[PDB]
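Source file: input_26.cif (mmCIF, C-alpha atoms and all ligand atoms)
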```cif
data_entry
loop_
_atom_site.group_PDB
_atom_site.id
_atom_site.type_symbol
_atom_site.label_atom_id
_atom_site.label_comp_id
_atom_site.auth_asym_id
_atom_site.auth_seq_id
_atom_site.Cartn_x
_atom_site.Cartn_y
_atom_site.Cartn_z
ATOM 1 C CA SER A 19 -49.334 -2.282 48.521
ATOM 2 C CA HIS A 20 -49.743 -4.126 51.833
ATOM 3 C CA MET A 21 -51.068 -3.068 55.223
ATOM 4 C CA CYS A 22 -47.564 -3.277 56.716
ATOM 5 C CA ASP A 23 -46.315 -0.605 54.289
ATOM 6 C CA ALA A 24 -47.583 2.025 56.752
ATOM 7 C CA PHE A 25 -45.079 0.841 59.385
ATOM 8 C CA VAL A 26 -41.921 0.453 57.286
ATOM 9 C CA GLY A 27 -39.077 2.815 58.093
ATOM 10 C CA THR A 28 -37.087 4.283 60.955
ATOM 11 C CA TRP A 29 -38.824 5.593 64.070
ATOM 12 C CA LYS A 30 -37.698 7.223 67.323
ATOM 13 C CA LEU A 31 -39.394 7.297 70.722
ATOM 14 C CA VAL A 32 -40.876 10.696 71.539
ATOM 15 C CA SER A 33 -43.112 10.014 74.547
ATOM 16 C CA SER A 34 -43.924 7.316 77.072
ATOM 17 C CA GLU A 35 -46.808 6.885 79.523
ATOM 18 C CA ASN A 36 -47.058 4.394 82.400
ATOM 19 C CA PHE A 37 -44.105 2.372 81.121
ATOM 20 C CA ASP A 38 -42.634 1.736 84.566
ATOM 21 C CA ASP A 39 -45.902 0.189 85.777
ATOM 22 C CA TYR A 40 -46.117 -1.963 82.651
ATOM 23 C CA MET A 41 -42.574 -3.250 83.149
ATOM 24 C CA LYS A 42 -43.388 -3.968 86.809
ATOM 25 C CA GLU A 43 -46.451 -5.980 85.828
ATOM 26 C CA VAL A 44 -44.361 -7.899 83.297
ATOM 27 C CA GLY A 45 -41.900 -8.743 86.079
ATOM 28 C CA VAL A 46 -38.903 -6.547 85.252
ATOM 29 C CA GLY A 47 -36.599 -6.044 88.242
ATOM 30 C CA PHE A 48 -35.692 -2.681 89.757
ATOM 31 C CA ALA A 49 -32.298 -2.094 88.143
ATOM 32 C CA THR A 50 -33.451 -3.099 84.657
ATOM 33 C CA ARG A 51 -36.586 -0.947 84.961
ATOM 34 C CA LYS A 52 -34.490 2.089 85.866
ATOM 35 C CA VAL A 53 -31.967 1.643 83.060
ATOM 36 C CA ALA A 54 -34.559 0.599 80.463
ATOM 37 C CA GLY A 55 -36.841 3.472 81.487
ATOM 38 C CA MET A 56 -34.108 5.950 80.538
ATOM 39 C CA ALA A 57 -33.701 4.497 77.048
ATOM 40 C CA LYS A 58 -34.972 6.293 73.941
ATOM 41 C CA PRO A 59 -35.031 3.445 71.422
ATOM 42 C CA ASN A 60 -35.091 3.642 67.683
ATOM 43 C CA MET A 61 -37.470 1.235 65.964
ATOM 44 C CA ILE A 62 -36.587 0.045 62.455
ATOM 45 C CA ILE A 63 -39.265 -1.873 60.540
ATOM 46 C CA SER A 64 -38.533 -3.510 57.189
ATOM 47 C CA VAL A 65 -40.180 -6.059 54.909
ATOM 48 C CA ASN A 66 -38.756 -8.547 52.419
ATOM 49 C CA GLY A 67 -41.375 -10.748 50.797
ATOM 50 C CA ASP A 68 -43.468 -12.237 53.603
ATOM 51 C CA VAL A 69 -40.793 -11.634 56.263
ATOM 52 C CA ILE A 70 -41.170 -8.597 58.530
ATOM 53 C CA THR A 71 -38.173 -7.498 60.607
ATOM 54 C CA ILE A 72 -38.472 -5.198 63.623
ATOM 55 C CA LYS A 73 -35.322 -3.855 65.275
ATOM 56 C CA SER A 74 -35.139 -1.903 68.541
ATOM 57 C CA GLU A 75 -31.840 -0.090 69.078
ATOM 58 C CA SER A 76 -30.909 1.878 72.191
ATOM 59 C CA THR A 77 -28.170 2.345 74.767
ATOM 60 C CA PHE A 78 -29.882 -0.370 76.815
ATOM 61 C CA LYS A 79 -30.126 -3.193 74.257
ATOM 62 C CA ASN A 80 -30.218 -3.918 70.535
ATOM 63 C CA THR A 81 -32.870 -6.482 69.632
ATOM 64 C CA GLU A 82 -34.224 -7.834 66.366
ATOM 65 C CA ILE A 83 -37.122 -10.116 65.458
ATOM 66 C CA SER A 84 -38.014 -11.522 62.047
ATOM 67 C CA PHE A 85 -41.361 -13.186 61.513
ATOM 68 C CA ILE A 86 -44.222 -14.048 59.194
ATOM 69 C CA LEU A 87 -47.718 -12.888 60.113
ATOM 70 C CA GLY A 88 -49.609 -15.555 62.049
ATOM 71 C CA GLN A 89 -46.628 -17.903 62.535
ATOM 72 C CA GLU A 90 -45.517 -18.369 66.146
ATOM 73 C CA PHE A 91 -41.824 -17.847 66.906
ATOM 74 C CA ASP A 92 -39.325 -17.843 69.769
ATOM 75 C CA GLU A 93 -38.259 -14.464 71.151
ATOM 76 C CA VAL A 94 -35.848 -13.399 73.889
ATOM 77 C CA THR A 95 -37.059 -9.999 75.067
ATOM 78 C CA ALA A 96 -34.910 -7.043 76.081
ATOM 79 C CA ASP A 97 -35.597 -7.846 79.753
ATOM 80 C CA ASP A 98 -34.484 -11.448 79.047
ATOM 81 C CA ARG A 99 -37.826 -13.258 79.025
ATOM 82 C CA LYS A 100 -37.990 -16.332 76.799
ATOM 83 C CA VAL A 101 -41.423 -15.981 75.212
ATOM 84 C CA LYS A 102 -43.577 -17.557 72.515
ATOM 85 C CA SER A 103 -44.663 -14.802 70.137
ATOM 86 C CA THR A 104 -47.282 -14.456 67.404
ATOM 87 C CA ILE A 105 -47.843 -11.285 65.380
ATOM 88 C CA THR A 106 -50.946 -10.759 63.256
ATOM 89 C CA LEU A 107 -52.786 -7.941 61.512
ATOM 90 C CA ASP A 108 -56.084 -6.744 62.985
ATOM 91 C CA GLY A 109 -57.335 -4.368 60.350
ATOM 92 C CA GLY A 110 -54.263 -2.211 60.011
ATOM 93 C CA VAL A 111 -52.993 -2.760 63.563
ATOM 94 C CA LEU A 112 -50.041 -5.059 64.205
ATOM 95 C CA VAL A 113 -50.954 -7.222 67.195
ATOM 96 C CA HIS A 114 -48.071 -8.939 68.996
ATOM 97 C CA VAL A 115 -48.901 -11.509 71.697
ATOM 98 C CA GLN A 116 -46.110 -12.833 73.941
ATOM 99 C CA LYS A 117 -46.711 -15.875 76.155
ATOM 100 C CA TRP A 118 -44.435 -17.235 78.878
ATOM 101 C CA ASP A 119 -44.787 -18.942 82.280
ATOM 102 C CA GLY A 120 -48.560 -19.051 81.888
ATOM 103 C CA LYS A 121 -48.593 -15.254 81.459
ATOM 104 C CA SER A 122 -49.449 -13.172 78.402
ATOM 105 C CA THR A 123 -48.925 -9.592 77.256
ATOM 106 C CA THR A 124 -50.180 -7.839 74.122
ATOM 107 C CA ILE A 125 -48.333 -5.129 72.192
ATOM 108 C CA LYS A 126 -50.254 -3.263 69.490
ATOM 109 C CA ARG A 127 -48.591 -1.002 66.920
ATOM 110 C CA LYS A 128 -50.822 1.419 65.051
ATOM 111 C CA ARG A 129 -50.494 4.456 62.837
ATOM 112 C CA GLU A 130 -52.099 7.640 64.193
ATOM 113 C CA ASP A 131 -51.466 10.792 62.146
ATOM 114 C CA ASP A 132 -47.709 10.795 61.386
ATOM 115 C CA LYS A 133 -46.950 8.776 64.534
ATOM 116 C CA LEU A 134 -46.540 5.096 65.300
ATOM 117 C CA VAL A 135 -48.334 4.470 68.596
ATOM 118 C CA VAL A 136 -47.563 1.366 70.661
ATOM 119 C CA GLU A 137 -50.006 0.132 73.309
ATOM 120 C CA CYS A 138 -48.566 -2.459 75.712
ATOM 121 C CA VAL A 139 -51.051 -4.293 77.941
ATOM 122 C CA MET A 140 -50.245 -6.676 80.791
ATOM 123 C CA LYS A 141 -53.253 -7.694 82.888
ATOM 124 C CA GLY A 142 -54.774 -4.415 83.971
ATOM 125 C CA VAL A 143 -51.799 -2.179 83.151
ATOM 126 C CA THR A 144 -51.605 -0.259 79.869
ATOM 127 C CA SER A 145 -48.600 1.719 78.650
ATOM 128 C CA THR A 146 -48.362 3.945 75.583
ATOM 129 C CA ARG A 147 -45.118 4.542 73.674
ATOM 130 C CA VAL A 148 -45.260 7.098 70.840
ATOM 131 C CA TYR A 149 -42.750 7.024 67.972
ATOM 132 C CA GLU A 150 -42.105 9.602 65.262
ATOM 133 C CA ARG A 151 -40.198 9.258 62.004
ATOM 134 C CA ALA A 152 -36.430 9.543 62.414
HETATM 135 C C1 LIG B 201 -42.369 -0.560 71.115
HETATM 136 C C2 LIG B 201 -42.010 -1.652 72.087
HETATM 137 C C3 LIG B 201 -42.517 -2.932 71.879
HETATM 138 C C4 LIG B 201 -42.224 -3.979 72.728
HETATM 139 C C5 LIG B 201 -41.401 -3.764 73.818
HETATM 140 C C6 LIG B 201 -40.861 -2.492 74.059
HETATM 141 N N1 LIG B 201 -40.023 -2.270 75.168
HETATM 142 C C7 LIG B 201 -39.854 -3.030 76.346
HETATM 143 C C8 LIG B 201 -40.884 -3.819 76.847
HETATM 144 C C9 LIG B 201 -40.706 -4.552 78.007
HETATM 145 C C10 LIG B 201 -39.508 -4.506 78.688
HETATM 146 C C11 LIG B 201 -38.478 -3.715 78.196
HETATM 147 CL CL1 LIG B 201 -36.974 -3.699 79.058
HETATM 148 C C12 LIG B 201 -38.624 -2.983 77.021
HETATM 149 C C13 LIG B 201 -37.521 -2.128 76.504
HETATM 150 C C14 LIG B 201 -37.183 -0.932 77.132
HETATM 151 C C15 LIG B 201 -36.174 -0.124 76.632
HETATM 152 C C16 LIG B 201 -35.498 -0.479 75.486
HETATM 153 C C17 LIG B 201 -35.832 -1.642 74.835
HETATM 154 C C18 LIG B 201 -36.840 -2.456 75.335
HETATM 155 C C19 LIG B 201 -41.164 -1.420 73.184
HETATM 156 C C20 LIG B 201 -40.594 -0.037 73.422
HETATM 157 O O1 LIG B 201 -39.441 0.039 73.908
HETATM 158 O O2 LIG B 201 -41.315 0.955 73.153
#
```
Turn the structure described in the file into structure tokens.
Amino acid sequence: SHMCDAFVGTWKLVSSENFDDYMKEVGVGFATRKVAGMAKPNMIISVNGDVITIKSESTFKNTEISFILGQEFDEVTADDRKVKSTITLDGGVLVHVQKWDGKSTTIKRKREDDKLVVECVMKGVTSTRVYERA
């Protein structure tokens, strides 16, 4: 058993708070914010050995990252940022830091009851995205 076991599986978005403001702070333009804000992504998390794969699938975009905990990697985000990413475990929370253009945002995935709760922080702006098993 590993701490990431609690995240493995297929998840669907069930609620979103303050996501438009978060995307604004990140620098997402108007049209992409409107279309991305409508999306109800599925999140698919799998593990093979040390490699964790996270997929986000929606009408807006299909994205996929594969990584090893603590090893920085290149990521092109759904809103087309080219970022440097590192994902680590903090207790049982997956902590994802993205850095680009001297900016930084942090995305934390945690298990709360039967939900997977995502907290996205950019400067002073915090958004919460709640996923349930699909
Ligand atoms: C759980 C999580 C972690 C990291 C990023 C996420 N979404 C986004 C963050 C910034 C900018 C954009 Cl456009 C998106 C986005 C919106 C709609 C569909 C796909 C991606 C999410 C999430 O969608 O909940």
**Message:** I want to know what sits within 8 Å of residue A:133, based on only C-alpha atoms, with residues of the same chain fewer than 3 positions away left out; could you give that as a PyMOL selection string?
**Reply:** chain A and resi 129-130+148-151
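Take the PyMOL selection byres (((chain A and resi 106) around 6) and not hetatm) and apply it to this file: it picks residues 87, 88, 105, 107, 112 and 113 of chain A.
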**Asked** Between A:49, A:138, A:22, A:69, which is the closest to ligand LIG 201 (chain B) once you count all atoms listed in the file?
**Response**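 Going through A:49, A:138, A:22, A:69 one by one, the smallest distance to ligand LIG 201 (chain B) is for A:138.
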**Request:** Select the residues contacting ligand LIG 201 (chain B) at a distance of at most 7 Å, based on all atoms listed in the file, then format the selection as a list in words.
**Result:**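 Residues lying within 7 Å of ligand LIG 201 (chain B): residues 41, 46, 50, 51, 54, 55, 57, 58, 59, 74, 76, 78, 79, 96, 97, 125, 136 and 147 of chain A.
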**Message:** Can you translate the PyMOL selection byres (((chain A and resi 142) around 12) and not hetatm) into the concrete residues it hits in this file, as a list in words?
**Reply:**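 Selected by the PyMOL selection byres (((chain A and resi 142) around 12) and not hetatm) here: residues 36, 39, 40, 42, 43, 44, 122, 123, 124, 138, 139, 140, 141, 143, 144 and 145 of chain A.
For the structure shown here, the set of residues caught by the PyMOL selection byres (((chain A and resi 119) around 10) and not hetatm) is residues 99, 100, 101, 102, 117, 118, 120, 121 and 122 of chain A.
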**Neighbour list for residue A:28 as a PyMOL selection string, cut-off 8 Å, only C-alpha atoms, skip fewer than 6 positions in-chain** = chain A and resi 60-63+151-152
Pull C-alpha atoms from the residues just selected and write them as a PDB file, in the coordinates of the input.
```pdb
ATOM      1  CA  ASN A  60     -35.091   3.642  67.683  1.00  0.00           C
ATOM      2  CA  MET A  61     -37.470   1.235  65.964  1.00  0.00           C
ATOM      3  CA  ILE A  62     -36.587   0.045  62.455  1.00  0.00           C
ATOM      4  CA  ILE A  63     -39.265  -1.873  60.540  1.00  0.00           C
ATOM      5  CA  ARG A 151     -40.198   9.258  62.004  1.00  0.00           C
ATOM      6  CA  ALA A 152     -36.430   9.543  62.414  1.00  0.00           C
TER       7      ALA A 152
END
```
**Item:** Pick from A:30, A:126, A:137, A:132, whichever lies nearest to residue A:75 using only C-alpha atoms
**Value:**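 Distance minimum relative to residue A:75 lands on A:30.
Nearest to residue A:64 of all the residues A:93, A:114, A:25, A:20 is A:25, based on all atoms listed in the file.
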**Message:** Between atom CA of residue A:32 and atom CA of residue A:81, what distance in Å does the model show, to one decimal?
**Reply:**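 Atom CA of residue A:81 lies 19.0 Å from atom CA of residue A:32.
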With a distance cut-off of 6 Å and only C-alpha atoms, select the neighbouring residues of residue A:128, excluding the residue or stretch itself and same-chain residues fewer than 6 positions from it, and output the selection as a PDB file with C-alpha atoms, keeping the file's coordinate frame.
```pdb
ATOM      1  CA  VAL A 111     -52.993  -2.760  63.563  1.00  0.00           C
ATOM      2  CA  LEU A 134     -46.540   5.096  65.300  1.00  0.00           C
ATOM      3  CA  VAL A 135     -48.334   4.470  68.596  1.00  0.00           C
TER       4      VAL A 135
END
```
**Prompt:** atom CA of residue A:38 and atom CA of residue A:52, how far apart in Å?
**Reply:**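 Between these atoms lies a distance of 8.3 Å.
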**Message:** I'd like the interatomic distance between atom CA of residue A:103 and atom CA of residue A:90, to a tenth of an Å.
**Reply:**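 Between atom CA of residue A:103 and atom CA of residue A:90 the gap works out to 5.4 Å.
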Exercise on stretch 26-39 of chain A, axis-aligned box with 5 Å per side, report centre and edge lengths in Å to one decimal, as lines of an AutoDock Vina configuration file:
```
center_x = -42.1
center_y = 5.4
center_z = 71.5
size_x = 20.0
size_y = 20.5
size_z = 38.5
```
**Message:** Which residue is closest to residue A:31? Choose from A:83, A:56, A:72, A:45 and count only C-alpha atoms.
**Reply:**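 The shortest atom-to-atom distance to residue A:31 comes from A:56.
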